[PDB]
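Reconstructed Cβ throughout: ideal geometry from the backbone, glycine too, with neighbour counts over all protein chains shown. Readers should treat all values here as calculations from the given coordinates under stated rules, not as data from a laboratory.
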Amino acid sequence: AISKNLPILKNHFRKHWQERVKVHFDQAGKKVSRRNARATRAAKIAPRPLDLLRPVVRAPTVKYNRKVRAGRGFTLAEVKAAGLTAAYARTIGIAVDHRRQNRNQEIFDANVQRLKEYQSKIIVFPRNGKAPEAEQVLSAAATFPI
Amino acid sequence: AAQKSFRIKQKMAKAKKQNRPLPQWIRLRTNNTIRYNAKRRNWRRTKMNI
Amino acid sequence: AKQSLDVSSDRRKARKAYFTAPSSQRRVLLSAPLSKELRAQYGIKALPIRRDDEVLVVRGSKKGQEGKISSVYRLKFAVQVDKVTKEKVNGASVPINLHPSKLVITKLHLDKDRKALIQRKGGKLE
Amino acid sequence: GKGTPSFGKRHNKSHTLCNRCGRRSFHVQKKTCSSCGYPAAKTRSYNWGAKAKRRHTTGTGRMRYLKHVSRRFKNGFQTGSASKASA
Amino acid sequence: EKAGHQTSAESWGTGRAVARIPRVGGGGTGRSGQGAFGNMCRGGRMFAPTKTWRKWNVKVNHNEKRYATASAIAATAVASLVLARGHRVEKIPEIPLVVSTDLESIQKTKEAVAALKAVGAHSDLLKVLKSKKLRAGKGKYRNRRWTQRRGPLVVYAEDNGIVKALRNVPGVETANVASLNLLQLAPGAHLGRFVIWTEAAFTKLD
Amino acid sequence: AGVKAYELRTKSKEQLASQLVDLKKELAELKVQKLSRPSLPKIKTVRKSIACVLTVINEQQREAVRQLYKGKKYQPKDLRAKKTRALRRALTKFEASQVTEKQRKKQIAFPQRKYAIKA
RNA sequence: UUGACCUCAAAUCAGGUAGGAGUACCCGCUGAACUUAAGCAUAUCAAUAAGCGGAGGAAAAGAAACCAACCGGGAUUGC
RNA sequence: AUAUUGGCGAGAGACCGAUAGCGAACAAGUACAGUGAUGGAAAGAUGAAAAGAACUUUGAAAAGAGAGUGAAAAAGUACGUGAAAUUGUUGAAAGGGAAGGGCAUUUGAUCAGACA
RNA sequence: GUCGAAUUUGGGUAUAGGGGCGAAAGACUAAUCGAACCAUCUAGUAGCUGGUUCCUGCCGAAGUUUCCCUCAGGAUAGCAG
RNA sequence: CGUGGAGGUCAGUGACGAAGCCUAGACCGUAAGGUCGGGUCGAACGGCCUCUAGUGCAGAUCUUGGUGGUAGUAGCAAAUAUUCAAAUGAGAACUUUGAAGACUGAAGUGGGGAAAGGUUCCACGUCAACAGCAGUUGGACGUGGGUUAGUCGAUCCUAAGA
RNA sequence: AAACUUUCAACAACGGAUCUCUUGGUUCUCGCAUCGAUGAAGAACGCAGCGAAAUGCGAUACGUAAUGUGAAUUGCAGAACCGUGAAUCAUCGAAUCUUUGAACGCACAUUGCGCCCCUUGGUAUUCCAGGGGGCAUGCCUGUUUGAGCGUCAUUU
Ligand SMILES: CN[C@@H]1[C@@H](O)[C@@H](O[C@@H]2[C@@H](O)[C@H](O[C@H]3O[C@H](CN)CC[C@H]3N)[C@@H](N)C[C@H]2N)OC[C@]1(C)O
Ligand SMILES: CN[C@@H]1[C@@H](O)[C@@H](O[C@@H]2[C@@H](O)[C@H](O[C@H]3O[C@H](CN)CC[C@H]3N)[C@@H](N)C[C@H]2N)OC[C@]1(C)O
Ligand SMILES: CN[C@@H]1[C@@H](O)[C@@H](O[C@@H]2[C@@H](O)[C@H](O[C@H]3O[C@H](CN)CC[C@H]3N)[C@@H](N)C[C@H]2N)OC[C@]1(C)O
Ligand SMILES: [Mg+2]
Ligand SMILES: [Mg+2]
Ligand SMILES: [Mg+2]
Ligand SMILES: [Mg+2]
Ligand SMILES: [Mg+2]
Ligand SMILES: [Mg+2]
Ligand SMILES: [Mg+2]
Ligand SMILES: [Mg+2]
Ligand SMILES: [Mg+2]
Ligand SMILES: [Mg+2]
Ligand SMILES: [Mg+2]
Ligand SMILES: [Mg+2]
Ligand SMILES: [Mg+2]
Ligand SMILES: [Mg+2]
Ligand SMILES: [Mg+2]
Ligand SMILES: [Mg+2]
Ligand SMILES: [Mg+2]
Ligand SMILES: [Mg+2]
Ligand SMILES: [Mg+2]
Ligand SMILES: [Mg+2]
Ligand SMILES: [Mg+2]
Ligand SMILES: [Mg+2]
Ligand SMILES: [Mg+2]
Ligand SMILES: [Mg+2]
Ligand SMILES: [Mg+2]
Ligand SMILES: [Mg+2]
Ligand SMILES: [Mg+2]
Ligand SMILES: [Mg+2]
Ligand SMILES: [Mg+2]
Ligand SMILES: [Mg+2]
Ligand SMILES: [Mg+2]
Ligand SMILES: [Mg+2]
Ligand SMILES: [Mg+2]
Ligand SMILES: [Mg+2]
Ligand SMILES: [Mg+2]
Ligand SMILES: [Mg+2]
Ligand SMILES: [Mg+2]
Ligand SMILES: [Mg+2]
Ligand SMILES: [Mg+2]
Ligand SMILES: [Mg+2]
Ligand SMILES: [Mg+2]
Ligand SMILES: [Mg+2]
Ligand SMILES: [Mg+2]
Ligand SMILES: [Mg+2]
Ligand SMILES: [Mg+2]
Ligand SMILES: [Mg+2]
Ligand SMILES: [Mg+2]
Ligand SMILES: [Mg+2]
Ligand SMILES: [Mg+2]
Ligand SMILES: [Mg+2]
Ligand SMILES: [Mg+2]
Ligand SMILES: [Mg+2]
Ligand SMILES: [Mg+2]
Ligand SMILES: [Mg+2]
Ligand SMILES: [Mg+2]
Ligand SMILES: [Mg+2]
Ligand SMILES: [Mg+2]
Ligand SMILES: [Mg+2]
Ligand SMILES: [Mg+2]
Ligand SMILES: [Mg+2]
Ligand SMILES: [Mg+2]
Ligand SMILES: [Mg+2]
Ligand SMILES: [Mg+2]
Ligand SMILES: [Mg+2]
Ligand SMILES: [Mg+2]
Ligand SMILES: [Mg+2]
Ligand SMILES: [Mg+2]
Ligand SMILES: [Mg+2]
Ligand SMILES: [Mg+2]
Ligand SMILES: [Mg+2]
Ligand SMILES: [Mg+2]
Ligand SMILES: [Mg+2]
Ligand SMILES: [Mg+2]
Ligand SMILES: [Mg+2]
Ligand SMILES: [Mg+2]
Ligand SMILES: [Mg+2]
Ligand SMILES: [Mg+2]
Ligand SMILES: [Mg+2]
Ligand SMILES: [Mg+2]
Ligand SMILES: [Mg+2]
Ligand SMILES: [Mg+2]
Ligand SMILES: [Mg+2]
Ligand SMILES: [Mg+2]
Ligand SMILES: [Mg+2]
Ligand SMILES: [Mg+2]
Ligand SMILES: [Mg+2]
Ligand SMILES: [Mg+2]
Ligand SMILES: [Mg+2]
Ligand SMILES: [Mg+2]
Ligand SMILES: [Mg+2]
Ligand SMILES: [Mg+2]
Ligand SMILES: [Mg+2]
Ligand SMILES: [Mg+2]
Ligand SMILES: [Mg+2]
Ligand SMILES: [Mg+2]
Ligand SMILES: [Mg+2]
Ligand SMILES: [Mg+2]
Ligand SMILES: [Mg+2]
Ligand SMILES: [Mg+2]
Ligand SMILES: [Mg+2]
Ligand SMILES: [Mg+2]
Ligand SMILES: [Mg+2]
Ligand SMILES: [Mg+2]
Ligand SMILES: [Mg+2]
Ligand SMILES: [Mg+2]
Ligand SMILES: [Mg+2]
Ligand SMILES: [Mg+2]
Ligand SMILES: [Mg+2]
Ligand SMILES: [Mg+2]
Ligand SMILES: [Mg+2]
Ligand SMILES: [Mg+2]
Ligand SMILES: [Mg+2]
Ligand SMILES: [Mg+2]
Ligand SMILES: [Mg+2]
Ligand SMILES: [Mg+2]
Ligand SMILES: [Mg+2]
Ligand SMILES: [Mg+2]
Ligand SMILES: [Mg+2]
Ligand SMILES: [Mg+2]
Ligand SMILES: [Mg+2]
Ligand SMILES: [Mg+2]
Ligand SMILES: [Mg+2]
Ligand SMILES: [Mg+2]
Ligand SMILES: [Mg+2]
Ligand SMILES: [Mg+2]
Ligand SMILES: [Mg+2]
Ligand SMILES: [Mg+2]
Ligand SMILES: [Mg+2]
Ligand SMILES: [Mg+2]
Ligand SMILES: [Mg+2]
Ligand SMILES: [Mg+2]
Ligand SMILES: [Mg+2]
Ligand SMILES: [Mg+2]
Ligand SMILES: [Mg+2]
Ligand SMILES: [Mg+2]
Ligand SMILES: [Mg+2]
Ligand SMILES: [Mg+2]
Ligand SMILES: [Zn+2]
C-alpha cells in the first residue's frame, strides 16, 4: 500500500462519505431563483434602495489593517455627529451598529461626511400625501462607494 | 371450526363470494384486458390462513 | 415553438394526456372541420362534433360518402355515421368508426347552446 | 421424528386476526399483534424494516380523508357554496 | 442506489452443489432461491452504479474559449470552409455577407424570410426542410425526434424584432454581436458557418 | 323521470317525510319484482332518489339549526368550520397583531419611512 | 352561631387542549459491531447503523459574558 | 439567505428500453410461502378496423377439410417480427471399436468472372 | 422394553436467545442448537480459490538482491515497455 | 474492427418495403469485420468527421429462461379379490342396477364429536384440466339450493395465569 | 440394399432471441406548505340491472347536494335534447360516511355486557322491546359542591 516515489496523500474518505455528497446542480437554478426574489423585493420595497448605508471601517489584524471596507453600522457617535437620532436613522435606510466604537478621528470624520452626503442625496417621503414619484436607485453602496 | 366465531364465519362468507369465475360479459368490454379470474381459490389447493 | 414554461413538449406526457383524457375533454378533441360552404356561412373553421350533425367523409375508403352521425363514441375516440356500414358474412351490418378530423360538417345540429357557442366564438349563424 | 410425524400435531393457533390491522399476527397468548403492535398505543414499525414500512404507510390505503385535503387547500378551504353564471 | 439491493438474500455457501452468489430467502414464490445482489444476476445491482457526482460540466480557460470563437469567426469569411460545411453559398454576393441594418427592425416572418432569400439565403434556407429526417436512434423516445441541417446565423447589433421574426423559420438562428456563441459559429466543432451580418453588427465587431 | 333536487327543496317537512315512504314503498315493490324478472334497471332510479329526498330533508334541518345557532360563541362541531386541525388552533388575526403598549408608541413615533436616492 | 382564609379534593360541572400518523430535511437522547491498523487491546469505522423523545415549512442559530491584539472588528446562518 | 431519497403541483435529460428501468409499464407489494417477524414472483405488442372466420362437409366431440374476411391468416384472440438449442417429414451424401480438424487431389454438386 | 404408575394424554397457562428448559444427551427450544428464527449494520474482510468479453502489428520478461511476526504476501533493486 | 447514445454532414436509405431474421449463394479484408443476391418481414435506419460510455463472452459448481441424451427407460408390485348379465353412453376392466365371490368382524372399513378445514354437504348439468391406467364416475368443472333453539353450546363464574 | 446414425437445405415443429415499439422507471431542476379527538394513517365488511378483481364508494354505498359544460353512456339490457338538461364528464364549497383503528361506557379468539336523559309500545318511575341523545384519560381556566384543631375573625 506504499510504492514508487509519490507524496503521501491523506484522502479522507473512510466514513460513509457518499451519504454526505452535495452537488450543485441548482447553481443556475438558484441564481435565477434569487434574482427574481431580489427584483421582487425591489418592487415590494417601493422606491427604497434595496440595501442600507454602511460605514467606512479599518480592517482588522496585521494582514488587512492596510485596507478598509464597509463595516456593519454607523456608531451612535457618528449618528449624533451627523445630527440625527439613531431610532430615526434606522428608518432612513442608514444602518446603525451600537457595538462599534470610535478610536479614530480620521475614520469618524470620514464617516460623518459619508453620512451627510447621504442625507443630501436622499428624499424622505412625507407621512401622508404627495409622493413625487422618485424612480428607485438599486444600490446605496454603489452610489456611495469606498 | 364448526363452532365458529361470527368474525370467522363472515370472512368465510366473503370467501365463497370471491370463488366464482369471471362474469363472462367483462370479456366483451372495450379495452378490457381480463381473460379470466386469476385470483380464484380452492378449498383443497391453497388455504385461507384463518 | 412553445415559449410558455407551462407548456410541455414531452411526448410521453402528451400520449398519456390524450389516452387518459375524460369525456368532457374528448369532445373538444373530437372537433371536425366545417365545410367550405359552412365556413363562409358561419365564419368558423371547426367545432367539436355533435351527435345529429351531418357530415361528409373527406378521407379514407369511405371518402365521398356522407350521412348523419349515428353516435359519437367517446370511449373509442370514434364517431359513427349512420349511413356508412360494413356487412359481415352472417349478413349483419356494423358501424364504421370514423375520426372527425377526417370528416367535414355539412349540416350542424343547432341548439340554443350550439348557436350560442358559434357567436361566442365570433361566428355568423345564417 | 422431529420431521413429518411431529407435524401431524400442529392444530393450534399462535395467532388469530388482529383487529387493528386484520392480519393474524395477533398472538393469542401474548395478546399482542406481532405486526402492528396492537394493543400498543402506537403502530409497530422499525427502520431496519423499510419494506414493511412501504407496505403499510399512508397511501397504501383509501385515504378516505387525506385524499381531498390537497384539493381543499388549493381552494383555500372555501366555505358555503357556489352561485351561478349562464347557459 | 437503492436498486438491486432491495432483497435480504445471502449466499447459501458451498457444499450445496450450487454456486455461491447470495440467494433469496423463503419459499413459495419462485423468486426465492435465485442469485441476488450480483452484477451478473437478473435483478441484481449493476457494476459500478452510476452517480450524480460524475463530472458533467467542463471548465475551459476564458482566453482559450475566446481564441476558439475568434478562430471560428474568422472562418465565416474564407468561403471554402463555409461551403465545405454545408451552407449553399456558391451563389451569394460575397463573403462575408453584410446586410442593411434595416434587417434588425423587420417585424414579420414573410418579410424577413424574403430579405434572407433576397440576399442569397434561398438555397440554404431550403437545404433544411429537405434535410428533415426522423432521429435514426432511440433518442426519438426522449424528445429529440427529428434530424435537420442548420441554416444561417443572422448576427444583428441591436434587436428591433428580427429575432421574433426568424425564430419560427427552420434551421435559422439569430444572435447578438456582443454575445457570440462558438456552438453556432462552429457547429459540431466544424468551421465555416453561414453568417448574415447586419451592417450595424459588422462595425460593432472591431 | 325520478326526483329533482330543487323540486324537493320547496316541499314541506311533512310532505317530504311522506314521499320518502313512497319511494321506500315503491322501491320495496320493485325489489320483489326484480327476482321475478331477468333485470330491473328501474330500481337504480328509485333508490338513487331515496338518497336525494334524504339529502334535502337533512339539508333543511341542518341549515335550520345552523340559523338559530348563528352568530354566537360555542355552536356544534359539525357546523363549526373544518379548515385544518392545525389552523383551528392558529392565533386569531386579533391576537397576533396584538402589539405592546411600550412598542405601540414606537411604531408611531418611528415608522419605516419611504425614501429614495439620486437627487 | 356565623363568615372568611390557606391547602386539598369531587362533579357525565362550562369550555378548551394532549395522544396517533408521517419522519427526506430538523432539535435532542441513547448507541454498536463489521472494518482499518496487513496480528491486536488505545485508536478507526463513528460522536455512524440500530432503539427513543420533539418540531416545522423549514428546523435550528441569532442581536455577543463574541472575535481579536489590528489603524481594530461587530447578531445568526450559508457559499 | 440555509436543508430536504417525505408530501402536493409542474418543467426537463448525450438515462433504461420488458433478464433493462423502481420489486411492480399488466387486477404488484398482487399470486404465493411462513406459527410469526418477514419473505415475494412471473406476466407489455392480432389488425387501421373484429372485418374474431356466415355457409358446406367429416367427426360423439376437440377438431379437420372447404368457403370466407383482410393489404397480409407466412396476423386465426396458441395472435408483430419469430433466432438458437432441440424435433418431425422430405431431399442429398457418407459410415468395419467414436465424431469432428490440417495440406493435397480425384469424383459429384454448385458459383461466378471472363472472352468478344 | 413397559403396561396401574416417577403411567399415558387433550386443552389452558408460564418460561425466550449467552436466554430458556434439561431425571444431564451439549440434549431440547417449530425438519434449525457446542448459542433459534426474522431484518438491518452488509456490496462485513479475505496475503486465499474461481472468472475476467474484439483483431492485427512491434518489443518482450521473472522465479534473483536487501528488508518485513517475512516463508501462498508485500517493500525494494534487477530484468521489461 | 465492432456496439448503445450525442453534435455536425451527405438537402443519405425507406411502405415501389427501414430494421431484423434465413441462406455447404457472391465479393473485399491477414483478421476483428465489411459489402451483395435470394427468402421471410413490416417502419423505421445508414455512410463520413467528431463526441460519449452500463461498449464486444465459451467458461466464473457464473444469473435467468429455454432444450436435449438419458428414455418410452426406473418404474406404476404393502393393506387376501375379484366374477356374470343388463342398463346408460360415441366410447365401460373401472359409472348405475341386479346377481355372485369376499372383507372390515363392534379396540370396525360401523354410528357421532373436539382441534382443524370452509361448503368439501345437497340437486342439476357436465369432462378441457385434475383423480401418475381409464373416466359416462368424483371431494373436480359449471350452476343453484341448504345451516331455523327461552331448554344444545357459547354468553355467566371462577383455575393456573393475565 | 434398407433401417439406424450423422451432416447440409427446404417446409413444418419447439421455444421466445432479435428488431422496432412504450400512458413505465430513473435522474436533475422549479414552485408550494396542507394529517388527526370537527375521529387521521390504517384496517375489516359491505354497496352495481347484469362484477370476481383493480378503481370508486358507505345501508343516501361505482354514489346524494352544489357549480360548470352542452348531448351522451356503451359489453348487453334499459332509459333518453332551442333545455334548471345527457354524461362511468369537469369541478366541488354541502352532506351521507357501516364495523373499526390514537379510539374514548366496559369488554373483544365474544357481532359479549352495563349505566344515564328523552320517547313509543305491551295496564308499567320499578319489568320486556323499539326510536333517539349520551358516560375514556392526563392537564388548564372557570363554576358549583366539600374536606382538614392547616388556620383567621365572630356569635353566646
Ligand atoms: C419479443 N417481444 C414480445 C412480443 O412479441 C409480445 O410477446 C407475446 C406475449 O406477450 C404473449 O403472451 C402474453 O399473453 C399471454 C396470453 N395467453 C399470456 C402471457 C403474456 N406474456 C404471447 N401469447 C405471444 C408473444 N408473442 O409481447 C411481449 C414481448 C416480450 O414484448
Ligand atoms: C457426416 N457423415 C459421416 C461419414 O462421412 C463417415 O465419416 C467418416 C468416418 O467413418 C471415418 O472413420 C473411420 O473410417 C475410416 C475408413 N474405414 C478409417 C478411420 C475410421 N475412424 C473417417 N476416417 C472419415 C469420415 N469422413 O462416417 C461417419 C458419419 C458421421 O456418418
Ligand atoms: C343520475 N340522476 C340524476 C340526478 O341525480 C340529477 O343529477 C344532477 C344533474 O342533473 C346536474 O346537472 C345539471 O347541472 C348543471 C349545473 N349548473 C345545470 C344543468 C345540469 N346539467 C349535475 N350538475 C348534478 C347532478 N346531481 O339530475 C339528473 C338525473 C338524471 O336525475
Ligand atoms: Mg498519515
Ligand atoms: Mg440514513
Ligand atoms: Mg441585499
Ligand atoms: Mg472593541
Ligand atoms: Mg390499442
Ligand atoms: Mg400450504
Ligand atoms: Mg400454513
Ligand atoms: Mg388505455
Ligand atoms: Mg378515416
Ligand atoms: Mg380510428
Ligand atoms: Mg413445517
Ligand atoms: Mg400438542
Ligand atoms: Mg404459545
Ligand atoms: Mg395512491
Ligand atoms: Mg446501497
Ligand atoms: Mg443505501
Ligand atoms: Mg441477510
Ligand atoms: Mg442487505
Ligand atoms: Mg446470518
Ligand atoms: Mg451461510
Ligand atoms: Mg456435484
Ligand atoms: Mg421467510
Ligand atoms: Mg435490475
Ligand atoms: Mg420533408
Ligand atoms: Mg438500433
Ligand atoms: Mg364517578
Ligand atoms: Mg366538563
Ligand atoms: Mg408522535
Ligand atoms: Mg411513528
Ligand atoms: Mg463497512
Ligand atoms: Mg483488524
Ligand atoms: Mg488483514
Ligand atoms: Mg482478528
Ligand atoms: Mg436512527
Ligand atoms: Mg426559507
Ligand atoms: Mg427559530
Ligand atoms: Mg461576528
Ligand atoms: Mg460564518
Ligand atoms: Mg449560495
Ligand atoms: Mg437536492
Ligand atoms: Mg419477456
Ligand atoms: Mg422487469
Ligand atoms: Mg433484454
Ligand atoms: Mg443496459
Ligand atoms: Mg422483478
Ligand atoms: Mg391483466
Ligand atoms: Mg395479477
Ligand atoms: Mg406489435
Ligand atoms: Mg404498444
Ligand atoms: Mg393497434
Ligand atoms: Mg371447425
Ligand atoms: Mg379449416
Ligand atoms: Mg383466398
Ligand atoms: Mg383474398
Ligand atoms: Mg405479413
Ligand atoms: Mg413468417
Ligand atoms: Mg404479421
Ligand atoms: Mg379464432
Ligand atoms: Mg404455430
Ligand atoms: Mg407469431
Ligand atoms: Mg434451428
Ligand atoms: Mg434425414
Ligand atoms: Mg459401430
Ligand atoms: Mg458394432
Ligand atoms: Mg462385438
Ligand atoms: Mg479419432
Ligand atoms: Mg411385563
Ligand atoms: Mg439478538
Ligand atoms: Mg433472564
Ligand atoms: Mg425428562
Ligand atoms: Mg430431551
Ligand atoms: Mg428448517
Ligand atoms: Mg427443531
Ligand atoms: Mg450464531
Ligand atoms: Mg448470534
Ligand atoms: Mg465485492
Ligand atoms: Mg458477503
Ligand atoms: Mg523478438
Ligand atoms: Mg549476498
Ligand atoms: Mg518472499
Ligand atoms: Mg498467504
Ligand atoms: Mg496458488
Ligand atoms: Mg519492480
Ligand atoms: Mg457508436
Ligand atoms: Mg449505453
Ligand atoms: Mg447524428
Ligand atoms: Mg458478425
Ligand atoms: Mg471492414
Ligand atoms: Mg430481398
Ligand atoms: Mg427487409
Ligand atoms: Mg405497424
Ligand atoms: Mg448520421
Ligand atoms: Mg451494419
Ligand atoms: Mg458492462
Ligand atoms: Mg460488439
Ligand atoms: Mg456471443
Ligand atoms: Mg452477449
Ligand atoms: Mg461453457
Ligand atoms: Mg439453467
Ligand atoms: Mg423431455
Ligand atoms: Mg433433464
Ligand atoms: Mg408411453
Ligand atoms: Mg417397463
Ligand atoms: Mg401388475
Ligand atoms: Mg417398488
Ligand atoms: Mg394389495
Ligand atoms: Mg377396479
Ligand atoms: Mg352382494
Ligand atoms: Mg355387488
Ligand atoms: Mg372374515
Ligand atoms: Mg368412510
Ligand atoms: Mg382432485
Ligand atoms: Mg389420471
Ligand atoms: Mg406413482
Ligand atoms: Mg395411479
Ligand atoms: Mg384422460
Ligand atoms: Mg356421456
Ligand atoms: Mg358427494
Ligand atoms: Mg362443485
Ligand atoms: Mg340459548
Ligand atoms: Mg408479564
Ligand atoms: Mg454411434
Ligand atoms: Mg422454419
Ligand atoms: Mg409456439
Ligand atoms: Mg408505433
Ligand atoms: Mg421521465
Ligand atoms: Mg404541517
Ligand atoms: Mg349490505
Ligand atoms: Mg393504480
Ligand atoms: Mg367499474
Ligand atoms: Mg365525474
Ligand atoms: Mg368516520
Ligand atoms: Mg372489526
Ligand atoms: Mg374499548
Ligand atoms: Mg366476556
Ligand atoms: Mg333505550
Ligand atoms: Mg348507545
Ligand atoms: Zn395487528
Quiz item: If one takes the longest principal axis of the Cα atoms in chain A, at what angle in degrees, from 0 to 90 and to the nearest 10, does the Cα axis of helix A:105-121 lie?
Solution: 60
Quiz prompt | segment D:12-87: chymotrypsin sites (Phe, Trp or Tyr not before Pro) in DSSP coil with no more than 11 other Cβ atoms inside 10 Å | solution = D:46, D:48, D:65
Quiz item: Say each of residue C:83 and residue F:87 gets a label point 7 Å from the Cα, pointing the same way as Cα to Cβ; how far apart are those two points in nm?
Solution: 5.9
Exercise. Could you pull out every one of the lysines with an alpha carbon less than 17 Å from that of residue C:16, ignoring same-chain neighbours closer than 8 positions?
Key: C:76, E:140
Exercise. Go through E:91/E:204; C:13/E:110; C:107/E:133 and tell me which ones have a Cα-Cα distance over 31 Å in this structure.
Key: C:13/E:110; C:107/E:133
Quiz item: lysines within cross-link reach of residue A:130: Cα-Cα under 17 Å, excluding same-chain residues under 8 positions apart?
Solution: F:114
Quiz item: If we restrict to alpha carbons, what Rg and Dmax does segment F:16-79 come to, in Å?
Solution: 17.6, 58
Quiz item: What FRET efficiency do you get for residue A:120 and residue C:114 if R0 is 60 Å and r is their Cβ-Cβ distance, rounded to the nearest 0.05?
Solution: 0.25
Quiz prompt | Under-5 Å amide H pairs with residue C:79, H placed in peptide plane, nonlocal only | solution = C:73, C:98, C:99
Quiz item: Given the convex hull over the Cα atoms of chain A, what projected area results after averaging over all orientations, in nm²?
Solution: 16.2
Exercise. Measure nothing fancy, just the Cα-based angle from helix F:13-34's long axis to the longest principal axis of chain F, in degrees from 0 to 90, nearest 10.
Key: 50
Practice problem: Classify segment E:59-142 as rounded, prolate or oblate from the Cα gyration tensor: take a ≥ b ≥ c as the square roots of its eigenvalues, call it rounded if a/c is under 1.5, otherwise prolate when a/b beats b/c and oblate if not. | Solution: oblate
Quiz prompt | Relative pair counts by distance (%), Cα atoms of segment E:1-66, 10 Å bins | solution = 19, 34, 18, 10, 10, 7, 3
Quiz item: Just counting partner chain Cβ atoms within 10 Å, what average do the residues of peptide A:135-145 show around their Cβ?
Solution: 2
Quiz prompt | Approximate spin-label separation residue F:40-residue F:66, in nm, with each point projected 7 Å along Cα-to-Cβ | solution = 3.7
Quiz prompt | Cα gyration tensor category, rounded, prolate or oblate, for chain B with a/c compared to 1.5 | solution = prolate
Quiz item: How far apart, in nm, are the 7 Å Cα→Cβ label points at residue C:19 and residue D:64?
Solution: 3.4
Quiz item: Per Stokes-Einstein, at 10 °C and 1.306 mPa s, what whole-number D in µm² s⁻¹ belongs to segment F:29-119, with the Kirkwood radius over Cα pairs as the hydrodynamic radius?
Solution: 78
Quiz item: In the protein assembly as shown, with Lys and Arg counted as +1 and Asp and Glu as -1 at Cβ, which of these residues, A:8, C:30, E:184, has the Cα nearest the positive end of the dipole, that is, farthest along it?
Solution: A:8
Exercise. Please work out whether chain C counts as rounded, prolate or oblate from its C-alpha gyration tensor, where a ≥ b ≥ c are the square roots of the eigenvalues and a/c under 1.5 means rounded, while otherwise a/b larger than b/c means prolate and anything else oblate?
Key: oblate
Quiz prompt | Gain upon complete extension [residue A:43, residue A:91; 0.36 nm per residue less C-alpha separation] | solution = 15.5 nm
Quiz prompt | Of E:96, E:187, E:22, the one that fluctuates the most in a GNM where chain E has Cα springs shorter than 10 Å | solution = E:22
Quiz item: Which of the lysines could a cross-linker span from residue E:59 if the Cα-Cα distance has to be under 21 Å and same-chain partners fewer than 8 positions apart are dropped?
Solution: A:22, A:30, A:31, E:51
Quiz item: Which of the chymotrypsin sites (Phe, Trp or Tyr not before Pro) found in segment E:20-83 are in a DSSP loop and have at most 11 neighbouring Cβ atoms, other than their own, within 10 Å?
Solution: E:47, E:53, E:56
Quiz prompt | Taking chain C and dividing mean pair separation by its residue count, relative contact order in percent (alpha carbons under 8 Å, at least six apart) | solution = 26
Quiz item: With charges set only on the Cβ (+1 for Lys and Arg, -1 for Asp and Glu), what does the dipole of segment E:131-206 come to about its Cα centre, in debye to the nearest 20?
Solution: 1000
Quiz prompt | Taking all pairs of distinct alpha-carbon atoms in segment C:55-112, Kirkwood radius in angstrom | solution = 12.0
Quiz item: Of the cross-linked pairs F:72/F:93; C:36/C:124; D:67/F:77; F:4/F:24, which ones have a Cα-Cα span greater than 20 Å in the structure shown?
Solution: D:67/F:77
Exercise. Evaluate peptide A:85-92: per residue, the Cβ atoms of other protein chains within 10 Å of its Cβ; return the mean as an integer.
Key: 3
Quiz item: Quick one: putting +1 on the C-beta of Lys and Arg, -1 on the C-beta of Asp and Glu, what dipole do you get for segment C:1-125 around its Cα centre, in Debye to the nearest 20?
Solution: 360
Quiz item: Just from its helices, what would the mean residue ellipticity at 222 nm be for chain F, if runs of 4 or more DSSP H residues each count -39500 (n - 2.57) and the sum is divided by every residue, rounded to the nearest 500 deg cm²/dmol?
Solution: -18000 deg cm²/dmol
Quiz prompt | Two-decimal ratio, segment D:38-87, of alpha-carbon radius of gyration to 2.2 N^0.38 Å | solution = 1.94
Quiz item: Based on the alpha-carbon gyration tensor of the protein assembly as shown, what equivalent-ellipsoid semi-axes (square roots of 5 times the eigenvalues) come out, in whole Å, largest first?
Solution: 62, 48, 42
Self-check item: Zone of residue F:13's modelled label, taken as backbone nitrogen in segment F:34-72 under 13 Å from a point 7 Å along Cα→Cβ
Solution: F:57-68
Exercise. Report the FRET efficiency, 1/(1 + (r/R0)^6), for residue F:32 and residue F:4, where r is their Cβ-Cβ distance and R0 is 25 Å, rounded to 0.05.
Key: 0.40
Quiz prompt | In segment C:4-85, the trypsin sites (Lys or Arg not before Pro) that fall in loop regions by DSSP, at most 16 other Cβ within 10 Å | solution = C:45, C:51, C:59, C:63, C:76
Quiz item: Taking the Cα centre of each part, how many Å lie between chain B and segment E:139-206?
Solution: 67
Practice problem: Positive end of the charge dipole of segment A:15-146 (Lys, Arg +1 and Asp, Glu -1 on Cβ, about the Cα centre): tell me which of A:55, A:111, A:71 has its Cα farthest that way. | Solution: A:71
Quiz item: 222 nm [θ] for chain C, helices only, -39500 (n - 2.57) per DSSP H run of 4+, per residue, to 500?
Solution: -7000 deg cm²/dmol
Quiz item: Looking at E:86, E:147, E:161, which one has the Cα that reaches farthest to the positive end of the dipole of segment E:28-171 (charges on Cβ: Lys, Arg +1; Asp, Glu -1)?
Solution: E:147
Quiz item: Using a simple charge model, +1 on the beta-carbon of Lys and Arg, -1 on the beta-carbon of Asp and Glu, nothing else, what dipole does chain D show about its Cα centre, in debye to the nearest 20?
Solution: 180
Quiz prompt | Cross-link table A:10/E:2; A:44/F:102; D:74/F:82; B:39/D:53; B:47/D:31, entries beyond 19 Å C-alpha to C-alpha | solution = A:10/E:2; A:44/F:102; B:39/D:53; B:47/D:31
Self-check item: Largest to smallest principal axis extent of the C-alpha atoms in chain D, angstrom
Solution: 84, 31, 23
Practice problem: Only residues of segment C:95-112 count here: report those whose backbone N is under 11 Å from the spot 7 Å along Cα→Cβ of residue C:61, or say none. | Solution: C:96-97
Quiz item: Efficiency by 1/(1 + (r/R0)^6): what FRET value for residue A:15 and residue E:46, r their Cβ-Cβ distance, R0 = 22 Å, to the nearest 0.05?
Solution: 0.35
